[PDB]
Structure formats: C-alpha cells, structure tokens
Amino acid sequence: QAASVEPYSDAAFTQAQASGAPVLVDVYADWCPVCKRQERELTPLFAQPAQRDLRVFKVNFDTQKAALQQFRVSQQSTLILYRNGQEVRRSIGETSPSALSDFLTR
C-alpha cells in the first residue's frame, strides 16, 4: 500500500495491466534528451495526487532491448497507464498532454 516501482521489468508491464490496477510505464536511457530534460518535470509531473496510488515502472533500453529491437524503438520515452485493464492514455517523445492525460484517470 505504498507505490510500486520495478527497475527494467518488461514482464511486469503485462502483470500490471493484467491485475486491473493503476500502473504507468516510463522508459529511460543512459543520458537521453527526454530523461535528461524530463528530470526537471519529474517533480511536478510526478507530484500529482494520483501519482501515489499509481504504480510506475522504469524500464531501460538495456533491458527492453528485445522490445526496442523487435518494435524498432530508438527512444525511451514511451508511456502507457492501464486502468482496470484498459488503456487510458499514451505518448512517446518527451513529456506531453497525451502522456500526462493518463494521470487524470489513474
């Protein structure tokens, strides 16, 4: 009953949606422009009241290689929050109104 984060765990991304609970995904890189520029918005963008009851797993391109190599993902800024087994919102490539819009639905 206190958040829930998983360091690079593609196997969790599915378990989070198959549980019908609030879980958002956030990919990061060694030093990408997204994770480097988002580090400043990580405060307000993650200060929401629903950010406490909303799980967040941080996956790295070093672990999701099979994902970026299979889906051709040359960037770590994907986002997808499932609410009770339903896709709320999603956005890739730095923050955006479509990426945070998922927080309004937890």
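Here the residue numbering is sequential from 1 along each chain as its sequence is written and may not follow the entry numbering; residues with no coordinates are omitted from view. Values reported for side chains reflect all heavy atoms of the structure, with hydrogen atoms and water molecules removed beforehand.

Judging from the entry metadata, solution NMR is the method by which this structure was determined.

If you check the PDB entry, the chain appears there as Thioredoxin (H-type,TRX-H) from Edwardsiella tarda EIB202.

Backbone geometry places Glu94, a non-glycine residue, at a positive phi of 65°. Think of it this way: any DSSP run of H or I at least four residues long counts as a helix, any run of E at least two long counts as a strand, and we number them from the N terminus. If you trace the backbone, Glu94 turns up in the loop between β4 (87-90) and α4 (97-100). With a phi close to 50°, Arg106 is a non-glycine residue in the positive phi region. Within the secondary structure layout, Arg106 lies in the segment after α4.

Stacked, tilted and edge-to-face pairs are distinguished by plane angle, under 30 degrees for stacked and over 60 for edge-to-face with tilted covering the rest, among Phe, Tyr and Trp rings (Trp via its six-membered ring) whose centres lie within 6.5 Å. The full count for this structure, using the stated rule, is one aromatic pair. Judged by centre distance (6.2 Å) and plane angle (40°), the ring pair of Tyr8 and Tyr28 falls under tilted. Of this pair, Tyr8 sits in the segment before α1 (10-17) while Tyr28 sits in strand β1 (residues 23-28), and the two are 20 residues apart along the sequence. Relative accessibility under 20% of the residue-type maximum defines a buried residue, over 50% an exposed one, and the middle range a partly exposed one, all with a 1.4 Å probe and only protein chains included. Here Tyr8 falls in the partly exposed class, since its relative accessible area comes to 37%.

Looking at the element boundaries, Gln76 is found in the loop between α3 (65-70) and β3 (80-82). By definition in these notes, contact holds between two residues if any of their heavy atoms fall within 4.5 Å. Residue contacts for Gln76: discarding those within four places in its chain leaves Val27, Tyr28, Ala29, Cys32, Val34, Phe61 and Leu68.

Our focus in this paragraph is the environment of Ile80. Within the secondary structure, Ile80 is located in strand β3. The spacing of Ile80 and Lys36 is 44 residues in sequence and 20 Å in space, taken between C-alpha atoms. Leave out the neighbours within four places in its chain, and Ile80 touches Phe13, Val23, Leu24, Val25, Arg89 and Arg90.

Lining residues are defined by having an atom within 4 Å of a point belonging to a cavity or pocket. Those points lie on a 1 Å grid over the protein atoms alone, cavities being sets where a 1.4 Å probe fits but cannot get out and pockets being open sets with protein on both sides within 12 Å along at least five of seven lines. Grid points are joined across faces, edges and corners, and a volume is the space filled by probe spheres set on the points. Overall, the coordinates contain one cavity of 30 Å³ or more when judged by the stated rule. Roughly 30 Å³ of internal volume is contained in the largest cavity. Lining the largest cavity are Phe13, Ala16, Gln17, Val23, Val25, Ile80 and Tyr82. Of all the secondary structure elements, the ones that give two or more residues to the lining of the largest cavity are α1, β1 and β3. In the lining of the largest cavity, the residues fall into six nonpolar, one polar and no charged. The residue classification treats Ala, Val, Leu, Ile, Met, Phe, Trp, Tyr, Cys and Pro as nonpolar and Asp, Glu, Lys and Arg as charged. All others, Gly included, are polar.

Once that is clear, we can look at the nonpolar core. Grouped together as the largest cluster of nonpolar side chains are seven residues: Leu24, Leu54, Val56, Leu79, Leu81, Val88 and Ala99. For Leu79, the residues in contact, after removing those within four places along its chain, are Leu24, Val25, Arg89, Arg90, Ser91, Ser98, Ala99 and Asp102. Residues enter a nonpolar core if they are buried and are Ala, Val, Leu, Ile, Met, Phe, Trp, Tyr or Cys, with the set joined through side-chain atoms within 4.5 Å.

Attention now goes to the state of the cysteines. Two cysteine sulfur atoms form a disulfide, by the criterion used here, when they sit within 2.5 Å. Under the criterion given, the structure shown has zero disulfides. Left without a disulfide partner, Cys32 is nearest to the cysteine sulfur of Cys35, which lies 7.9 Å away. For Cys32, a relative accessible area of 16% gives the class buried. We classify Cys35 as partly exposed; its relative accessible area is 30%.

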